[PDB]
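Participant: Before we start, here is the structure in question, set down as structure tokens.
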Amino acid sequence: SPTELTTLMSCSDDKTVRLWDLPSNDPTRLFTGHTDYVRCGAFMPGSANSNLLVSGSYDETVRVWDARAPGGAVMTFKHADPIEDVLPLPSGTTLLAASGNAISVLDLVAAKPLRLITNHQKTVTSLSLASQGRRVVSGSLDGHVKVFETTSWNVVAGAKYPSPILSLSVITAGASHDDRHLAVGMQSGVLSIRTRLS
Amino acid sequence: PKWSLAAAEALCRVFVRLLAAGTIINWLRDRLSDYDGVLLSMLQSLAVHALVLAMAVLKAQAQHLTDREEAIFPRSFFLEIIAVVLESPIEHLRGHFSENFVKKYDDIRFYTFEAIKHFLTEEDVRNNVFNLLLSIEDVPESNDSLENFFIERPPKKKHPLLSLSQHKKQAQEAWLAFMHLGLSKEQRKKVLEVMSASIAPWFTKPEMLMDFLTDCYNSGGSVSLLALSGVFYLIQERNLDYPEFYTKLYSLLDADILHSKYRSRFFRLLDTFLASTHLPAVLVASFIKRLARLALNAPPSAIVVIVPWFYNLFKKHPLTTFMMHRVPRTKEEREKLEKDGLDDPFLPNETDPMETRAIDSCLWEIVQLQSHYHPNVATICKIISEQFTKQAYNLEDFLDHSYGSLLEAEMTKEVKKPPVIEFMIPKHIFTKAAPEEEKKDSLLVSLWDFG
Amino acid sequence: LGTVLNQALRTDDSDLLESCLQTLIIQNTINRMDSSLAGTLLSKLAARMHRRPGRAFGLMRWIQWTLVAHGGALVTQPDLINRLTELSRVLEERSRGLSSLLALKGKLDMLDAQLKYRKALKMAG
Amino acid sequence: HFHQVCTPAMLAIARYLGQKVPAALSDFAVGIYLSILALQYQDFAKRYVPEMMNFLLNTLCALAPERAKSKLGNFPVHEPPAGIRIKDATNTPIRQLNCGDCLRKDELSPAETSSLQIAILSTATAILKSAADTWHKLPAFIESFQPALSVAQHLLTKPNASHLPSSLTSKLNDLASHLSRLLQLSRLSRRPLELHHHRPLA
Amino acid sequence: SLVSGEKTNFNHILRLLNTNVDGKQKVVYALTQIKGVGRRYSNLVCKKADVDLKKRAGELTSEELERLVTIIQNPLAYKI
């Protein structure tokens with residue numbers, strides 16, 4: 001959890017995500033509701049959303065739970081693709097669910113999907129946030145990396161790697177969090193690091 | 001004509017002597033031109049030794065009809081030889097030319113590809129050049145793996161004969177000339193058979209094979225079942241993709257594909273496709289359930305393939321093993337199940353395996369197929385029924401089995417251990433009624449008139 | 001190369017487009033292409049058009065056959081006129097020199113041909 | 001379980017009965033004979049012969065009053081190559097098969113062909129009745145004989161009833177009501193699978 | 001939805017020359033599990049076959065496994 005230093009979430013494979021407290025030897029809370037593999041998860045950053053989890057399953061469902069009511073999903077969203085990745089925005093309102101050949105920007109303040117964005121040919125694998133929370137970079141199994149603006153969501157820049165890529169993240173150096181260098185891990189098994197200095 | 005052939009070898013000998021040695025030179029090369037005519041006749045004739053003679057005079061020509069260091073050799077005359085060899089139906093001539101010259105020497109391969117491109121740009125001849133193009137099987141690996149030429153390994157270091165991409169280029173151009181002309185049905189079946197091992201590696205760029213393959217793949221049938229390997233090879237190498245690959249696979253797996261012959265190759269590709277990691281449990285359960293309902297009418301050499309593969313899928317994806325052991329949780333559910341029997345929630349003939357309800361089904365088909373007539377098939381379904389001890393079963397042990405293999409197996413067992421017979425045999429083997437023994441008639445007789 | 005072009009167009013590739021286009025099959029591709037992909041295709045060729053103006057001999061043929069086959073696709077797809085007019089002034093930059101370069105070819109060709117005449121005299125001299 | 005001579009012959013039947021797209025009424029008759037023979041091989045040992053199932057279903061849909069349009073089981077539907085199909089001959093009566101029908105005849109009269117075809121059809125209906133009555137167990141009964149009821153109703157359709165004689169209508173209505181009764185029994189008695197109830201070791 | 005898991009099947013019990021049981025522990029500790037081999041001996045074996053000690057048992061290819069078998073078979077024809 002980005003706020004509490006001793007609380008973590010875990011999406012297993014079976015049907016469950018669960019919140020653990022580090023000193024304890026038992027899950028603090030248990031959350032069900034999915035029906036297939038669940039394989040992406042995130043906390044909700046922001047001040048008001050202190051305890052909200054989002055998880056994307058392979059049952060084409062992105063669910064967001066409150067950690068105060070250990071029942072069902074507070075909100076759910078059903079796509080038509082296996083949902084591989086999820087990131088919230090640092091603003092706390094909108095969310096990106098990367099599922100199949102298209103990512104989907106969804107609103108949580110109105111529980112209504114904003115826009116389906118298709119640009120990739122095999123499935124998209126991993127999203128990451130970039131330069132100042134201002135650009136979402138996406139990495140897809142077509143060996144393709146493509147960075148979008150987040151205001152109007154047009155395909156701003158991109159590049160191609162010699163192998164299908166699986167995980168991707170630009171990482172920051174330090175003060176003011178300028179993106180130091182971007183890493184991409186591909187199927188062939190090599191970590192490609194592209195570095196920029198300033 | 002054996003004295004004519006001895007004359008031919010003698011003239012070849014003196015010709016290579018004068019070429020390695022050397023108002024008159026006009027006739028001195030007129031000897032070579034009318035010997036080219038004589039040699040084309042002797043190739044239309046023994047033709048194998050005239051063909052070796054042809055390669056000898058070509059080597060001599062390349063060596064010394066010039067002033068420069070470079071050895072050029074006549075694409076025109078070699079194209080004439082290619083014309084006569086590939087028009088002449090002499091299979092032994094063609095077999096010699098394939099094994100000794102093309103499948104050995106890189107320059108012969110390269111210029112043969114180019115001359116084939118020319119000769120094909122300008123039906124029996126088509127089938128023959130197809131046989132030769134299949135006869136070129138192995139691809140050289142690297143620029144330093146070429147490393148054997150017939151004439152003049154060029155010292156340029158950037159010569160197209162030394163650049164491996166030019167070899168692939170000319171092979172690609174010959175195969176495209178063949179396809180742009182057009183090929184028949186048995187030929188397209190042979191190419192879609194031999195494509196992923198011998199054809200697409202011979203291309204600099206395999207993208208025309210991708211387009212032709214997705215045409216033949218979305219066509220349908222055993223042609224698509226063959227095309228699967230080429231499409232997978234393309235996706236593997238240059239990640240050109242299919243729109244809906246897994247749903248196309250699920251709708252591809254159909255009635256007669258188990259009985260179809262190419263099921264060994266199909267099952268190897270299917271093994272990789274379902275050994276991939278990013279695959280939902282509902283989808284792998286859908287593959288399992290549809291394949292079990294088709295195993296209900298599969299042949300035994302297909303059931304022995306399908307079952308240990310099922311065991312490996314169950315060891316890998318334990319969310320699917322609820323299709324072998326599903327205790328009804330609530331006593332209300334148990335009471336409902338006792339009142340009305342459980343109907344299978346599986347929906348056959350559904351488009352998407354993501355939305356078939358294979359989860360909440362069971363392997364009733366496999367527990368029934370336990371009672372198969374063959375003992376080996378019965379024991380192999382009993383491996384699903386019994387316990388999970390061995391960690392995996394390699395499929396190579398179970399593939400490539402046939403009725404011929406089962407019959408040779410029941411042959412290659414011992415001649416006879418002392419066997420058992422049937423006591424109290426009736427005398428009314430073919431009697432229609434026999435109402436004085438009260439043993440019921442054999443149904444064979446009760447439904448077959450013998451008279 | 002239909003699905004190849006189709007992938008490269010809808011994925012905004014570069015090198016795959018190069019692999020399929022830098023070389024009949026051209027007409028077959030444009031027959032099997034799809035519609036908004038042809039619109040993006042003309043856009044990408046306009047980029048290549050202005051960027052390096054060396055070999056027109058392939059790409060003008062590609063644009064030609066595209067306007068033939070899926071030209072009427074762009075007609076009912078008509079919000080993207082800017083993709084046509086961003087090329088349409090690019091080609092009116094491409095006509096400039098034909099006002100005067102032809103007159104340079106004439107004045108220069110005789111200097112070639114006079115050499116050619118003293119070179120056709122040279123074997124006999 | 002395992003023999004040294006018996007299951008060889010059964011395996012030969014399995015090869016002949018799963019393979020061999022039928023090219024003649026001789027092939028059809030030899031297949032019917034081997035089908036009823038394999039049923040005799042599996043009487044009072046309730047095993048399953050899937051090649052016999054798909055073969056009987058294939059002959060039944062290959063007798064082609066009209067055609068197999070779509071949605072008829074998952075067994076290999078094959079084509080009648082030389083018009084090997086019944087016609088507008090409802091007045092010929094059924095008869096019992098004779099061994100001479102295993103001999104190929106390119107010169108056969110239309111009346112003899114119609115009688116032999118209807119004979120194979122009625123005897124196949126008999127073999128299906130016997131196979132259901134021996135395999136009302138084996139809990140894939142529903143998924144093994146929903147094709148049989150579906151093809152019985154497919155022949156029960158009126159553009160086939162125009163060519164089908166009334167005796168086959170009676171027999172197929174018998175088979176349909178019988179298989180419906182068996183399917184409802186198996187639907188009531190079908191239980192979920194609990195295979196792995198394992199005693200732990202000591 | 002297709003990612004090559006060509007390496008994930010390595011937590012299986014491997015077979016070797018004397019023991020038919022050799023799990024995934026490490027290369028040098030797996031060869032220690034092999035009967036008659038000491039720890040420094042297995043280190044010498046791995047360094048002779050040029051297999052990296054970081055790599056596990058079951059992360060190997062068949063030709064590397066076979067040359068490991070040949071060099072555990074003969075320790076003298078290889079230098080020692």
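Ligands are numbered from 1 in the order shown, chains are lettered A, B, ... in the order of the structure tokens, and residues start at 1 in each chain.
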Please build the interface table for chain E against chain A with a cut-off of 10 Å, listing for each qualifying residue the nearest atom pair and the distance in Å to one decimal; count only C-alpha atoms, order rows by chain and increasing number, and write it as a tab-separated table.
Facilitator:
```
residue	atom	partner	partner_atom	distance
E:1	CA	A:123	CA	6.6
E:2	CA	A:141	CA	8.7
E:3	CA	A:187	CA	7.2
E:4	CA	A:187	CA	7.3
E:5	CA	A:187	CA	9.2
```
Participant: Pull C-alpha atoms from the residues just selected and write them as a PDB file, in the first residue's frame.
Facilitator:
```pdb
ATOM      1  CA  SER E   1      -2.737 -14.460 -25.128  1.00  0.00           C
ATOM      2  CA  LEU E   2       0.235 -16.505 -26.338  1.00  0.00           C
ATOM      3  CA  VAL E   3       3.523 -16.251 -24.419  1.00  0.00           C
ATOM      4  CA  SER E   4       6.101 -19.010 -24.746  1.00  0.00           C
ATOM      5  CA  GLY E   5       6.454 -20.883 -21.469  1.00  0.00           C
TER       6      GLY E   5
END
```
Participant: Using DSSP on the backbone coordinates, identify the residues of chain A assigned to strand (DSSP E); present them as a PyMOL selection string.
Facilitator: chain A and resi 7-11+17-21+27-31+38-43+52-57+61-66+75-78+83-88+94-99+102-107+112-118+124-130+135-140+144-149+155-160+165-172+179-186+191-195
Participant: Take the residues from that selection and write them out as a compact mmCIF listing (two decimals), in the first residue's frame, keeping C-alpha atoms.
Facilitator:
```
# COMPACT_ATOMS: atom_id res chain seq x y z
CA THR A 7 -0.21 -3.35 4.61
CA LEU A 8 -0.08 -5.22 1.33
CA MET A 9 -2.53 -6.67 -1.15
CA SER A 10 -2.23 -9.91 -3.05
CA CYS A 11 -4.18 -11.23 -6.01
CA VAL A 17 -7.44 -11.06 -3.56
CA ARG A 18 -6.64 -10.40 0.05
CA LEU A 19 -5.23 -7.71 2.28
CA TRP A 20 -2.41 -8.74 4.60
CA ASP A 21 -0.98 -6.95 7.60
CA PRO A 27 -5.06 -12.14 5.97
CA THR A 28 -6.66 -8.97 7.28
CA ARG A 29 -9.46 -9.12 4.72
CA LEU A 30 -10.50 -11.55 2.01
CA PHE A 31 -12.15 -10.53 -1.25
CA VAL A 38 -7.20 -12.90 -11.27
CA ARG A 39 -3.90 -11.43 -12.34
CA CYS A 40 -3.64 -7.67 -11.95
CA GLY A 41 -4.12 -5.42 -8.96
CA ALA A 42 -3.56 -1.94 -7.60
CA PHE A 43 -4.29 0.35 -4.68
CA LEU A 52 -9.91 1.01 -2.35
CA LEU A 53 -8.47 -1.88 -4.31
CA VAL A 54 -8.86 -2.54 -8.01
CA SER A 55 -8.20 -5.91 -9.57
CA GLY A 56 -8.51 -7.20 -13.10
CA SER A 57 -9.20 -10.89 -13.62
CA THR A 61 -13.90 -8.16 -14.95
CA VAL A 62 -12.22 -5.18 -13.31
CA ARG A 63 -13.60 -4.83 -9.80
CA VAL A 64 -12.98 -2.07 -7.27
CA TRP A 65 -13.56 -2.86 -3.59
CA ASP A 66 -13.80 -0.75 -0.47
CA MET A 75 -18.06 -1.25 -8.58
CA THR A 76 -17.51 -3.68 -11.42
CA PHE A 77 -16.71 -3.35 -15.12
CA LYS A 78 -17.08 -6.19 -17.60
CA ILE A 83 -8.03 -8.26 -18.60
CA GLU A 84 -4.26 -8.29 -18.24
CA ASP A 85 -3.22 -4.99 -16.65
CA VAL A 86 -4.68 -2.14 -14.59
CA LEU A 87 -3.34 1.16 -13.41
CA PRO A 88 -5.22 3.93 -11.63
CA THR A 94 -9.90 7.58 -13.87
CA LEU A 95 -8.49 4.15 -14.47
CA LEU A 96 -6.85 2.25 -17.32
CA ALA A 97 -7.77 -1.39 -17.87
CA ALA A 98 -5.54 -3.02 -20.47
CA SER A 99 -7.53 -5.93 -21.88
CA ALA A 102 -7.43 -2.24 -26.52
CA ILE A 103 -7.01 -0.29 -23.33
CA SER A 104 -10.05 1.22 -21.65
CA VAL A 105 -10.26 4.46 -19.73
CA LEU A 106 -12.99 4.21 -17.11
CA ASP A 107 -14.47 6.72 -14.71
CA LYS A 112 -19.23 4.84 -16.58
CA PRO A 113 -16.60 3.91 -19.17
CA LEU A 114 -15.03 6.90 -20.86
CA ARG A 115 -13.36 5.47 -23.93
CA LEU A 116 -12.02 2.29 -25.51
CA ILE A 117 -8.64 2.94 -27.15
CA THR A 118 -7.44 0.44 -29.74
CA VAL A 124 -1.27 -5.19 -24.51
CA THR A 125 0.75 -6.49 -21.59
CA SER A 126 1.85 -3.75 -19.23
CA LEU A 127 1.06 -0.09 -18.67
CA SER A 128 3.09 2.46 -16.75
CA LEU A 129 2.80 6.11 -15.83
CA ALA A 130 5.20 8.67 -17.23
CA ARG A 135 1.84 10.31 -20.19
CA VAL A 136 0.75 6.69 -20.07
CA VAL A 137 3.17 4.29 -21.72
CA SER A 138 1.81 0.94 -22.90
CA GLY A 139 3.64 -2.21 -23.85
CA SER A 140 2.16 -4.84 -26.11
CA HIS A 144 5.43 -2.38 -29.49
CA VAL A 145 5.80 0.42 -26.97
CA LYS A 146 3.46 3.36 -27.35
CA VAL A 147 3.05 6.37 -25.09
CA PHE A 148 -0.28 8.20 -24.99
CA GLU A 149 -1.27 11.59 -23.74
CA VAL A 155 -1.00 8.03 -29.71
CA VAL A 156 1.79 10.47 -29.05
CA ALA A 157 4.96 8.45 -29.52
CA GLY A 158 6.16 4.89 -29.92
CA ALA A 159 8.90 2.46 -30.84
CA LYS A 160 9.42 -1.19 -31.72
CA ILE A 165 7.59 -7.54 -24.77
CA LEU A 166 6.01 -8.51 -21.48
CA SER A 167 6.69 -5.86 -18.85
CA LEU A 168 7.57 -2.21 -19.08
CA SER A 169 8.17 0.77 -16.83
CA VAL A 170 9.85 4.12 -17.06
CA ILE A 171 11.53 4.96 -13.77
CA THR A 172 12.43 8.29 -12.23
CA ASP A 179 11.88 9.75 -15.77
CA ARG A 180 15.48 8.62 -15.57
CA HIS A 181 15.30 5.58 -17.79
CA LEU A 182 12.81 3.13 -19.26
CA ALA A 183 13.11 -0.62 -18.87
CA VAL A 184 11.38 -3.24 -20.98
CA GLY A 185 11.45 -6.98 -20.36
CA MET A 186 10.74 -9.13 -23.39
CA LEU A 191 16.06 -6.54 -20.21
CA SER A 192 16.42 -3.58 -22.54
CA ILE A 193 17.22 -0.38 -20.64
CA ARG A 194 17.13 2.92 -22.49
CA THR A 195 18.71 5.73 -20.48
```
Participant: Counting only C-alpha atoms, which residues of chain B come no farther than 7 Å from chain C, as a ChimeraX atom specification?
Facilitator: /B:207-208,211,240
Participant: Using C-alpha atoms, can you export the residues from the last selection as a compact mmCIF listing (two decimals), in the first residue's frame?
Facilitator:
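Okay, result-v1.txt is ready:
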```txt
# COMPACT_ATOMS: atom_id res chain seq x y z
CA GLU B 207 5.05 -12.12 -45.46
CA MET B 208 3.55 -13.36 -48.74
CA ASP B 211 -1.08 -13.70 -46.53
CA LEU B 240 2.43 -11.07 -37.70
```
Participant: Using only C-alpha atoms, select each residue of chain B with any atom at most 10 Å away from an atom of chain E, and give the selection as a ChimeraX atom specification.
Facilitator: /B:235-236,245-246,272-280,316,390-392
Participant: How would the residues just chosen look if you wrote them out with N, CA, C and O atoms as a CSV table (one decimal), in the first residue's frame?
Facilitator:
```csv
chain,number,residue,atom,x,y,z
B,235,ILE,N,3.9,-16.3,-36.8
B,235,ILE,CA,3.7,-15.6,-35.5
B,235,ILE,C,4.9,-15.7,-34.6
B,235,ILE,O,5.3,-14.8,-34.0
B,236,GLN,N,5.6,-16.9,-34.6
B,236,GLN,CA,6.8,-17.1,-33.9
B,236,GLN,C,7.9,-16.2,-34.4
B,236,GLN,O,8.5,-15.4,-33.6
B,245,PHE,N,-7.2,-15.7,-32.5
B,245,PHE,CA,-6.5,-17.0,-32.7
B,245,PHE,C,-7.0,-18.1,-31.9
B,245,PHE,O,-7.2,-19.2,-32.5
B,246,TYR,N,-7.3,-17.9,-30.7
B,246,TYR,CA,-7.8,-19.1,-29.9
B,246,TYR,C,-9.2,-19.5,-30.2
B,246,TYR,O,-9.5,-20.7,-30.2
B,272,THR,N,1.8,-27.0,-27.7
B,272,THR,CA,2.4,-25.7,-27.5
B,272,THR,C,1.4,-24.6,-27.2
B,272,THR,O,1.6,-23.9,-26.2
B,273,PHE,N,0.3,-24.6,-28.0
B,273,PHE,CA,-0.7,-23.5,-27.8
B,273,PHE,C,-1.3,-23.6,-26.4
B,273,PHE,O,-1.7,-22.5,-25.9
B,274,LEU,N,-1.5,-24.7,-25.8
B,274,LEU,CA,-2.1,-24.9,-24.5
B,274,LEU,C,-1.1,-25.1,-23.4
B,274,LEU,O,-1.4,-25.2,-22.3
B,275,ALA,N,0.2,-25.1,-23.8
B,275,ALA,CA,1.3,-25.0,-22.8
B,275,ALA,C,1.8,-23.6,-22.6
B,275,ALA,O,2.6,-23.3,-21.8
B,276,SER,N,1.3,-22.7,-23.4
B,276,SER,CA,1.5,-21.2,-23.2
B,276,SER,C,0.9,-20.8,-21.8
B,276,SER,O,0.0,-21.4,-21.4
B,277,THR,N,1.5,-19.8,-21.2
B,277,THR,CA,1.2,-19.4,-19.9
B,277,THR,C,-0.1,-18.6,-19.8
B,277,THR,O,-1.0,-18.9,-19.0
B,278,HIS,N,-0.2,-17.5,-20.6
B,278,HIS,CA,-1.3,-16.6,-20.5
B,278,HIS,C,-2.6,-17.2,-21.1
B,278,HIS,O,-2.9,-17.0,-22.3
B,279,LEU,N,-3.2,-18.0,-20.3
B,279,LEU,CA,-4.4,-18.7,-20.8
B,279,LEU,C,-5.4,-18.9,-19.7
B,279,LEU,O,-5.1,-19.5,-18.6
B,280,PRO,N,-6.7,-18.4,-19.8
B,280,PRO,CA,-7.6,-18.5,-18.7
B,280,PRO,C,-8.1,-19.9,-18.5
B,280,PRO,O,-8.2,-20.8,-19.4
B,316,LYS,N,-1.1,-29.0,-14.8
B,316,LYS,CA,-0.7,-27.6,-15.0
B,316,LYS,C,-1.7,-26.6,-14.5
B,316,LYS,O,-1.4,-25.6,-13.8
B,390,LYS,N,2.8,-39.6,-11.2
B,390,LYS,CA,3.8,-39.2,-12.1
B,390,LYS,C,3.5,-37.7,-12.4
B,390,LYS,O,2.4,-37.3,-12.6
B,391,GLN,N,4.6,-36.9,-12.5
B,391,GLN,CA,4.4,-35.5,-12.6
B,391,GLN,C,4.0,-35.1,-14.0
B,391,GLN,O,3.3,-34.1,-14.2
B,392,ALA,N,4.3,-35.8,-15.0
B,392,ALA,CA,4.0,-35.5,-16.4
B,392,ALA,C,4.1,-36.7,-17.3
B,392,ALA,O,4.8,-37.7,-16.9
```
Participant: Got a sec to pull out which chain D residues are within 8 Å of chain B, counting only C-alpha atoms, and send them as a tab-separated table (two decimals) with N, CA and C atoms, in the first residue's frame?
Facilitator:
```tsv
chain	number	residue	atom	x	y	z
D	1	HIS	N	-10.87	-59.06	-19.99
D	1	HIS	CA	-10.08	-57.84	-20.12
D	1	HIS	C	-9.16	-57.91	-21.33
D	2	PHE	N	-8.24	-58.86	-21.33
D	2	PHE	CA	-7.23	-58.96	-22.37
D	2	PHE	C	-7.17	-60.40	-22.86
D	3	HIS	N	-7.23	-60.58	-24.17
D	3	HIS	CA	-7.13	-61.90	-24.79
D	3	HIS	C	-5.96	-61.88	-25.76
D	4	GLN	N	-5.64	-63.05	-26.31
D	4	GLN	CA	-4.61	-63.14	-27.33
D	4	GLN	C	-5.15	-63.28	-28.74
D	7	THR	N	-9.60	-60.04	-28.96
D	7	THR	CA	-9.45	-58.61	-29.25
D	7	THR	C	-8.66	-58.28	-30.52
D	8	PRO	N	-7.79	-59.15	-31.06
D	8	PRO	CA	-7.36	-58.95	-32.45
D	8	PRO	C	-8.48	-58.85	-33.46
D	11	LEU	N	-10.29	-55.68	-32.98
D	11	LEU	CA	-9.51	-54.56	-33.48
D	11	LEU	C	-9.58	-54.46	-35.00
D	15	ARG	N	-10.89	-51.18	-37.05
D	15	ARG	CA	-10.27	-50.51	-38.18
D	15	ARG	C	-11.24	-50.40	-39.35
D	18	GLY	N	-14.24	-47.85	-38.29
D	18	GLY	CA	-13.93	-46.45	-38.18
D	18	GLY	C	-13.45	-45.88	-39.50
D	33	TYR	N	-23.12	-55.80	-40.94
D	33	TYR	CA	-22.79	-57.13	-40.43
D	33	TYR	C	-21.73	-57.05	-39.33
D	36	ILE	N	-23.24	-55.48	-36.02
D	36	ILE	CA	-23.98	-56.40	-35.17
D	36	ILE	C	-23.06	-57.48	-34.61
D	37	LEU	N	-21.98	-57.80	-35.33
D	37	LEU	CA	-21.00	-58.74	-34.81
D	37	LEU	C	-20.26	-58.17	-33.60
D	40	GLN	N	-22.38	-58.26	-30.59
D	40	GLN	CA	-22.27	-59.59	-29.99
D	40	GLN	C	-20.95	-59.76	-29.23
D	42	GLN	N	-19.55	-57.49	-27.55
D	42	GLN	CA	-19.62	-56.72	-26.31
D	42	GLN	C	-20.89	-56.95	-25.51
D	46	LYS	N	-20.32	-54.65	-20.65
D	46	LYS	CA	-20.87	-53.40	-21.15
D	46	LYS	C	-19.78	-52.41	-21.52
D	47	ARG	N	-19.11	-52.64	-22.65
D	47	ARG	CA	-18.09	-51.74	-23.15
D	47	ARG	C	-18.71	-50.77	-24.15
D	48	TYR	N	-17.88	-49.99	-24.83
D	48	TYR	CA	-18.35	-48.96	-25.75
D	48	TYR	C	-17.56	-49.05	-27.05
D	49	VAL	N	-18.26	-49.00	-28.18
D	49	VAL	CA	-17.64	-49.11	-29.49
D	49	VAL	C	-17.97	-47.85	-30.28
D	50	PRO	N	-17.14	-46.82	-30.17
D	50	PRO	CA	-17.46	-45.54	-30.82
D	50	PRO	C	-17.41	-45.60	-32.33
D	51	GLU	N	-16.56	-46.45	-32.90
D	51	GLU	CA	-16.56	-46.60	-34.35
D	51	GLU	C	-17.87	-47.19	-34.84
D	53	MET	N	-20.72	-46.74	-33.31
D	53	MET	CA	-21.70	-45.65	-33.20
D	53	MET	C	-21.62	-44.70	-34.39
D	54	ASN	N	-20.42	-44.22	-34.71
D	54	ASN	CA	-20.31	-43.25	-35.79
D	54	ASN	C	-20.60	-43.91	-37.14
D	74	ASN	N	-21.73	-35.25	-33.95
D	74	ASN	CA	-20.35	-34.84	-34.16
D	74	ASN	C	-19.51	-35.94	-34.80
D	75	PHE	N	-20.14	-36.89	-35.37
D	75	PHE	CA	-19.63	-38.05	-36.08
D	75	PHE	C	-19.38	-37.69	-37.54
D	76	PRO	N	-18.43	-38.34	-38.21
D	76	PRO	CA	-18.09	-37.94	-39.57
D	76	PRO	C	-19.17	-38.25	-40.60
D	96	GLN	N	-35.15	-59.13	-44.98
D	96	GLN	CA	-33.97	-59.43	-44.20
D	96	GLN	C	-32.75	-59.53	-45.10
D	97	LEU	N	-31.62	-59.06	-44.59
D	97	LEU	CA	-30.39	-59.04	-45.38
D	97	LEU	C	-29.91	-60.46	-45.66
D	98	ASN	N	-29.35	-60.65	-46.84
D	98	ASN	CA	-28.75	-61.91	-47.25
D	98	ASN	C	-27.29	-61.68	-47.59
D	99	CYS	N	-26.48	-62.73	-47.39
D	99	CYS	CA	-25.04	-62.65	-47.54
D	99	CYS	C	-24.59	-62.22	-48.92
D	123	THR	N	-32.70	-52.79	-40.50
D	123	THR	CA	-31.80	-53.56	-39.65
D	123	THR	C	-30.89	-52.66	-38.83
D	126	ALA	N	-32.83	-51.67	-35.93
D	126	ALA	CA	-32.82	-52.75	-34.96
D	126	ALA	C	-31.53	-52.76	-34.14
D	138	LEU	N	-23.44	-46.40	-18.51
D	138	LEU	CA	-22.32	-45.71	-19.13
D	138	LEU	C	-22.60	-44.22	-19.29
D	139	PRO	N	-22.44	-43.43	-18.22
D	139	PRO	CA	-23.11	-42.13	-18.08
D	139	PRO	C	-22.88	-41.07	-19.14
D	140	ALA	N	-22.11	-41.35	-20.19
D	140	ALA	CA	-22.15	-40.52	-21.39
D	140	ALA	C	-23.19	-41.00	-22.38
D	143	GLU	N	-24.78	-37.86	-24.21
D	143	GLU	CA	-23.90	-37.33	-25.24
D	143	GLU	C	-23.50	-38.37	-26.27
D	144	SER	N	-23.87	-39.63	-26.07
D	144	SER	CA	-23.62	-40.64	-27.08
D	144	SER	C	-24.84	-40.96	-27.92
D	187	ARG	N	-31.17	-38.70	-17.70
D	187	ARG	CA	-31.15	-37.33	-17.21
D	187	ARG	C	-31.52	-37.27	-15.74
D	188	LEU	N	-32.44	-38.13	-15.31
D	188	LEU	CA	-32.76	-38.20	-13.89
D	188	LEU	C	-31.67	-38.88	-13.08
D	189	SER	N	-30.94	-39.83	-13.66
D	189	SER	CA	-29.99	-40.62	-12.90
D	189	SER	C	-28.54	-40.18	-13.06
D	190	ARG	N	-28.25	-39.19	-13.90
D	190	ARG	CA	-26.88	-38.77	-14.12
D	190	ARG	C	-26.38	-37.98	-12.92
D	191	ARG	N	-25.21	-38.37	-12.40
D	191	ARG	CA	-24.66	-37.77	-11.19
D	191	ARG	C	-23.34	-37.07	-11.49
D	192	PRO	N	-22.97	-36.04	-10.73
D	192	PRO	CA	-21.68	-35.39	-10.94
D	192	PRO	C	-20.54	-36.30	-10.55
D	193	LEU	N	-19.35	-35.97	-11.03
D	193	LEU	CA	-18.23	-36.88	-10.88
D	193	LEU	C	-17.50	-36.62	-9.58
D	194	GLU	N	-17.37	-37.66	-8.77
D	194	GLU	CA	-16.58	-37.61	-7.54
D	194	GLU	C	-15.63	-38.79	-7.64
D	195	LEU	N	-14.46	-38.55	-8.22
D	195	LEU	CA	-13.52	-39.65	-8.43
D	195	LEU	C	-12.46	-39.70	-7.34
D	196	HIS	N	-12.02	-38.54	-6.87
D	196	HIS	CA	-10.86	-38.48	-5.99
D	196	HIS	C	-11.29	-38.33	-4.53
```
Participant: Go through D:117, D:19, D:125, D:157 one by one, measure the shortest atom-to-atom distance of each to residue 171 in chain D using only C-alpha atoms, and give the residue with the smallest value.
Facilitator: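 Distance minimum relative to residue 171 in chain D lands on D:125.
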Participant: Could you pull the residues within 12 Å of residue 29 in chain E, counting only C-alpha atoms, minus those fewer than 4 positions along the same chain, as number ranges by chain?
Facilitator: E: 22-25, 33-35, 37-43, 45-46, 53-57
Participant: Pull the closest atom pair for each residue of chain A that gets at most 8 Å from chain B, along with the distance in Å to one decimal, counting only C-alpha atoms, ordering rows by chain and then ascending residue number, as a tab-separated table.
Facilitator:
```
residue	atom	partner	partner_atom	distance
A:14	CA	B:319	CA	7.2
A:36	CA	B:281	CA	6.1
A:37	CA	B:280	CA	6.4
A:58	CA	B:280	CA	5.9
A:59	CA	B:280	CA	7.8
A:82	CA	B:280	CA	7.8
A:121	CA	B:241	CA	7.2
A:122	CA	B:241	CA	6.7
A:142	CA	B:239	CA	6.3
A:143	CA	B:239	CA	8.0
A:164	CA	B:239	CA	7.7
```
